[PDB]
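Okay, so here's the structure we're looking at.
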RNA sequence: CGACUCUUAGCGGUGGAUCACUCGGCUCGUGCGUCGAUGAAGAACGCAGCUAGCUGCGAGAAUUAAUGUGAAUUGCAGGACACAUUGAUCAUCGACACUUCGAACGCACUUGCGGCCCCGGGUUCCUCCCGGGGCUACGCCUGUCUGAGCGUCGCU
RNA sequence: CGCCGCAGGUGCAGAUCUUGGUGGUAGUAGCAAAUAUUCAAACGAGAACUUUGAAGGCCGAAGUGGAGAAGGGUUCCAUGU
RNA sequence: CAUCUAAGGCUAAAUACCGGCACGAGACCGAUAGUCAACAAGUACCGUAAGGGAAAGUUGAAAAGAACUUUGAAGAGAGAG
RNA sequence: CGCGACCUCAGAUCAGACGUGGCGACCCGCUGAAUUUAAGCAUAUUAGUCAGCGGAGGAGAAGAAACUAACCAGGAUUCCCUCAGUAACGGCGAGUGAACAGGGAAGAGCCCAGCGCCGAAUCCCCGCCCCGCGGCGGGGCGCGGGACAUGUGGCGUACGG
Ligand SMILES: [Mg+2]
Ligand SMILES: [Mg+2]
Ligand SMILES: [Mg+2]
Ligand SMILES: [Mg+2]
Ligand SMILES: [Mg+2]
Ligand SMILES: [Mg+2]
Ligand SMILES: [Mg+2]
Ligand SMILES: [Mg+2]
Ligand SMILES: [Mg+2]
Ligand SMILES: [Mg+2]
Ligand SMILES: [Mg+2]
Ligand SMILES: [Mg+2]
Ligand SMILES: [Mg+2]
Ligand SMILES: [Mg+2]
Ligand SMILES: [Mg+2]
Ligand SMILES: [Mg+2]
Ligand SMILES: [Mg+2]
Ligand SMILES: [Mg+2]
Ligand SMILES: [Mg+2]
Ligand SMILES: [Mg+2]
Ligand SMILES: [Mg+2]
Ligand SMILES: [Mg+2]
Ligand SMILES: [Mg+2]
Ligand SMILES: [Mg+2]
Ligand SMILES: [Mg+2]
Ligand SMILES: [Mg+2]
Ligand SMILES: [Mg+2]
Ligand SMILES: [Mg+2]
Ligand SMILES: [Mg+2]
Ligand SMILES: [Mg+2]
Ligand SMILES: [Mg+2]
Ligand SMILES: [Mg+2]
Ligand SMILES: [Mg+2]
Ligand SMILES: [Zn+2]
């Protein structure tokens, strides 16, 4: 279990940190698993969600194999918005439905210098872990 | 109000005792802190004995206890003189010195200086500059023979 | 009174600006938890400290 | 008459705002605040009112300097140095 | 806080209870009565070699 | 002596506390002189004092002070102790020689009241109920 | 469009002041537009111009301060805002030189009778 | 028969108990154990595009710089931002800055009024007015300069 | 939640009990100090009370008039509800 | 006879800690309880002042927070969603 | 009858420094009740406590015997256990009440004044040069200024020197 005397298992504390987290670690909390192909190509498992990467919903009301591009990351509400995951309200307009990023899988990444560096870092660490366990 | 037989009890609780109550909830935490500082101190003085300087043989004062021998504060000046150890050098090789204890008998004096002669022979003295040994000790005699002693130095027994 | 010192006039000025209703758009903020202005003061009901 | 009628005659203020401590206890005719004792060099503070002490103690205001001090203590009160530039 | 939360038990008594608890961990009826599913166990005072 | 400062000499209480006159301050006049010199010279550290004269209504003492921030004091050891923060206003705490005498400090049977550092330290230890963990 | 402190540090104090004057006039025009109705785009530029003024001022103040530190570098007496600001208590402490110096008696004691490294056989 | 009153049940009100929940306490323990004339604690007043409070901040005012991070903030708007001729946001914070009171310090305040030394403007440098800057508290140590005394003397 | 143990801030009708809520009283007492209102019109869904006009009256210059001090602190003034 | 050497000075450790910074935990309380304060709480408000000082948690997974029609001047309704 | 030296004093917006105020849980110095108990109450108790005043630090205070003992003697201070609800105090009533020895935690010692000896060997400040900035120092130079024989520094302190 947990043997670090300086890490809390208190439910009240862990919830307080989670719901009052700053934006830069709300980014880490709002992470998403990669697809089977992406987990194959890069040796990483989960990646923090981005503004313009393509995910598909796997749980809830909007499940399916439909891939939608992310169009908003509402970190204050701990949700993301997707292209076709939307709901038509009373006055006829359309609104987006917030989806917790842990309920989607990234199928295509929005890649640049920083995302390349973070992916290389996680692959390097995981390789170190397996070669230490070998 | 007294009720039948009983003791005449006089508790001393007329004096607002609740404002000053010593709780011992930090007793286990104090033991841990003390034991950590004991381990750290033993690590700091690496080859020197953990408990500290060697203490003399001493007879307890009153008639209730004069049949018992314990470890005193430090060696007297007469003891160190006839052991031939300078008073300002004894405390540098790990010998406690108590200038204010005087010897009324030669029996306790002879016992304590035999203790100092034994200790001086048991001592291992590392040279001050490790590369240059002047009069300290043999390199074979301290290569691994010198290890940190635990417990009191030459413990006193009855 | 008409004759007032500058410190008093500066004090009443703050109390004047502070006594206004909350903005309409405040309620739309996420996790608002504010209904109206609870610190609203009326001149004829509650008198200022000074 | 001691009741309602005498309450009409009260129109002269006894206390005003104190420039230290900002409370309306600066007795005008004594020139001494009844809460902090302003003209005195020391803050008026009595142990018989723990509630009054904690209404005005350190930390009930802003601590503009102290909150910075609590931050700087963690790093040893370093000055005259900057992080490694990129 | 000075409610006397702790109790001291005699050392001889504490060793006594240890001896009894050990003695009961060797009777299959008592362990089964604790509900421990000791039915395919080959021998109730189960001992293994030191390799584990 | 120290006349009790009560209006009109009325101490409202039991007759044991009806004393107004014949009451003696717990600290010597020499301790008062050191305190008054130190409070005036709040930037200096009182070291000691001595008696230089007296008449029927006055006592005269001369008080030795040290400036803690003078370089002649700070660049000399064996007098650097006066420059440490714990050694400031010793006269207001009864740490000077004249102030210490009024505290009953000493070694021996005559001075059991301050076994522990001071009278209040000894009183505290004697009047604190050690409620252990295992009673 | 924006103003960066990184490339302001190469300028002269003359056109740094001139740049600040241009921003000050920009801000006053923006405040005029605010009370004459104005537009959303104009009102939103108020924050940007205010931040740019703070940025230009901070570069000016930093350049001036670091020149003053270089000028008084090594001089015996320095202004109070150029001295260290550790803590009032920490400033009254003895310095490192005179916390380490010892009496000639203490030096002689350590020269004659230094603490030895010893061990005791079992 | 209706009305009214009483009893019971259903439904509906009034009220907010119960239960479930908990970014709050209380208690214990651990490590540190750091304020201030280089202006503290505290107070006042201001500062957001829309902002009353709480929060944050100080005329550079819901923040500047630097560093880490690496695409948001978000109630609406608006606007950057090739994220590499450098970067939204957040975190840190060591650079800079930090209005007026306040030990509070030129004097004084339920108001206000000075003095000295420079700079700039009207003057067209001399001293009037206006603006800007720096000083102007008490106690006290070392030293300095200027001194006082029919204090003790020396020479005249 | 049951069973074997453990530990309690462990059982309410009362305390002129604490806090909160709710009744009968009860559509009840009352909305009676300083003479007094009426007609037509307008706006308006709506008029005894608003507004305008026409009357009849009151304050009666020690005023129910016109201004200030202390105190209040935006009550001042327009527009809208 | 024993014992010390006053009227000068310094000195770490073991010890204390209901305030402060940052943590960890609990056979504790669970919104009339627990801090007065789970919430814009030493706040609102009271008193000339010293000082006194509360009440106040919960839609829902997601606002999807009831478009549209209809009677009413609107509050408020009937459908619809 | 002017000019010097010293002494004792004064001024300064003089050069460089320092103190004030806050917090105050813990610590130190003072001041200090009454409710209460005594089945009344006055000594006593509450209590050297609440309230009051001053002063600190991360701890403080204490502290290296003008000690304890009476022994076959121990050996600075502080803290824990015990001595001990004891010796003792007390309208000897109610009530109050330590210490030594013993076992532990920690353990560490020293410096002046004086008596002397050493050509004041001592110290601060101001300059200038060089090596350095981190808690401002070192080295050198000054017929540079002052402190100081009304006594600075070195040896030395009861364990003797
Ligand atoms: Mg009985
Ligand atoms: Mg009124
Ligand atoms: Mg009056
Ligand atoms: Mg010497
Ligand atoms: Mg920035
Ligand atoms: Mg005036
Ligand atoms: Mg003369
Ligand atoms: Mg109960
Ligand atoms: Mg009940
Ligand atoms: Mg009931
Ligand atoms: Mg009953
Ligand atoms: Mg009626
Ligand atoms: Mg009527
Ligand atoms: Mg008339
Ligand atoms: Mg009028
Ligand atoms: Mg009007
Ligand atoms: Mg509550
Ligand atoms: Mg409830
Ligand atoms: Mg209505
Ligand atoms: Mg000066
Ligand atoms: Mg009685
Ligand atoms: Mg009675
Ligand atoms: Mg009585
Ligand atoms: Mg009495
Ligand atoms: Mg007190
Ligand atoms: Mg103070
Ligand atoms: Mg000390
Ligand atoms: Mg001491
Ligand atoms: Mg001695
Ligand atoms: Mg017994
Ligand atoms: Mg007593
Ligand atoms: Mg030991
Ligand atoms: Mg000498
Ligand atoms: Zn005040």
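Swiss-Prot numbering applies to chain G: residues 2-123, in that order.
For all residues, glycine too, the Cβ spot is worked out from N, Cα and C.
Between G:14, G:25, G:77, Swiss-Prot assigns SUMO2 cross-link to G:25; no such entry appears for the others, which is not proof they lack it.
Of the candidates G:43, G:71, G:86, Swiss-Prot marks one as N6-acetyllysine, and that one is G:43. In summary, of the candidate residues G:19, G:35, G:46, G:74, the record from Swiss-Prot lists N6-acetyllysine for G:19, whereas the others have no such entry there. Taking every protein chain shown into account, G:19, G:25, G:43 are the recorded positions, and of these the Cβ with the most other Cβ atoms within 10 Å belongs to G:43. Secondary structure counts, DSSP: the compositional bias 'Basic residues' (G:86-96) has 4 helix, 0 strand, 7 coil.
Residue G:43 (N6-acetyllysine) and residue G:29 (phosphoserine) are 12 Å apart (CA-CA, integer value). Here the CA atom of residue G:19 (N6-acetyllysine) lies 23 Å from the CA atom of residue G:43 (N6-acetyllysine). Here the CA atom of residue G:25 (SUMO2 cross-link) lies 10 Å from the CA atom of residue G:19 (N6-acetyllysine).
Of all the Cβ atoms in the protein chains shown, 11 others lie within 10 Å of the Cβ of residue G:29 (phosphoserine).
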